[PDB]
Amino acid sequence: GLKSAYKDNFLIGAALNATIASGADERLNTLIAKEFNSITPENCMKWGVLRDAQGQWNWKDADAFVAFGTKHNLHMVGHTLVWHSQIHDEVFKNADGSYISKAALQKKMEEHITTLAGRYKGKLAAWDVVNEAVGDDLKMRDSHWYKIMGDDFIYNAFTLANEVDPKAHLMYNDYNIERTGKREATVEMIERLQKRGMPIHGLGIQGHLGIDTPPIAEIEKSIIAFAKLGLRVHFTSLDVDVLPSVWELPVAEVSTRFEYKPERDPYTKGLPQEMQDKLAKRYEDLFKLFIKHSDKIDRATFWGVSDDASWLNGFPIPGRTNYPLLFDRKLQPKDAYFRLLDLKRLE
């Protein structure tokens, strides 16, 4: 499998949803053990999923995930301690809408990280400590975290995670940092936090790619730039969106562009071979680049195992039929998978 083909290069990972991590599906258990040597929880360790609005914890799924990784001796990545998404507004706000104090929020962060990173200390090899702190306008993201705490929200999260599990490989993770602009903004942020003494070991590039964009040359500049910070580079959430893109439509469509329309969902009956070919070539191009820079890269994780489970079926448009991953809806390897193997088989 892939994990073996790529053994001398980097870990090969997959995000697992709660149904898969339950271990009920023997077909998937077999596939995962063959193909992947790292796993990430797709949702179950996110603050708002693990805890309710009153802060109460329910460990069923997160424990199942860690049990699965332990059973199969898989490298496990915690995802994610501090993030602005999938987190209750109650963490940040009084019921009247007003923000709580920086001190009150610090206490919550302290409890959350001490509890969550503590429970799995030594079991999870790595943590996404902070996710998506740079906004797409290249300023710091204007989240409640940042508005209340300033950049201490980042500094404190890493410091805390490091005190709780000193052996964990701590990462900052983000999307679109493959691209000029956000790349350099991220470098500058991390640089200044590093000079402040923040513990950080790795840099996660999500790798939510389109079938065409961004180009290999852009991703290459990112691998190089982030490695220069003395950080290990991980590709954390790989997928390739093969469906009509609505990201850059004219202003008249700004609000309607996320609506379902049949023309935006052209492959409900299957992905035609010509698109399989393009998808395979795109993955081949990407993994050629990763191999080239294997000295800088610790891991390539896919954001799912097979196409049926991909979040891209419902994002950014609900109810589409996307084909972003290496295994199809019948758990069979797609052409892309064989191209990835051949890169290694043939030297």
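The first residue of the sequence shown is number 1, and the count goes up from there.
Chemist: Is residue 200 unbuilt in at least a third of the other PDB entries compared?
Modeler: Modelled in all the others, so no.
Chemist: Taking the other compared entries of this protein, do a third or more of them lack coordinates for residue 250?
Modeler: Yes, residue 250 lacks coordinates in at least a third of the other compared entries that model both of its neighbours.
Chemist: Name the higher of the two by mean Cα B-factor in the PDB entry, 132 to 140 versus 152 to 160.
Modeler: Comparing averages over the C-alpha atoms only gives 132 to 140.
Chemist: Going by the average Cα B-factor in the PDB entry, point out whether 119 to 127 or 183 to 191 comes out higher.
Modeler: Between 183 to 191 and 119 to 127, it is 183 to 191 that shows the higher mean C-alpha B-factor.
Chemist: Comparing recorded Cα B-factors across 241, 165, 111, 259, which one is largest?
Modeler: Going by the entry's C-alpha B-factors, 259 comes out highest.
Chemist: Checking the entry, which one of 171, 211, 105, 205 has the top C-alpha B factor?
Modeler: The listed residue with the largest C-alpha B-factor is 211.
Chemist: Ranking every modelled residue in this chain by its Cα temperature factor as given in the entry, which third contains residue 27?
Modeler: Highest third.
Chemist: Which third, lowest, middle or highest, does the CA B-factor of residue 285 fall in along this chain?
Modeler: As the PDB entry reports it, the C-alpha B-factor of residue 285 lands in the middle third of its chain.
Chemist: Split the chain's modelled residues into thirds by Cα B-factor; is residue 255 in the lowest, middle or highest one?
Modeler: Residue 255: CA B-factor falls in the highest third of its chain.
Chemist: Sorting the chain's modelled residues by C-alpha B-factor, tell me whether residue 264 ends up in the lowest, middle or highest third.
Modeler: Residue 264: CA B-factor falls in the highest third of its chain.
Chemist: By the record's CA B-factor, is residue 43 among the lowest, middle or highest third of residues in the chain?
Modeler: Tercile = lowest for this residue's CA B-factor.
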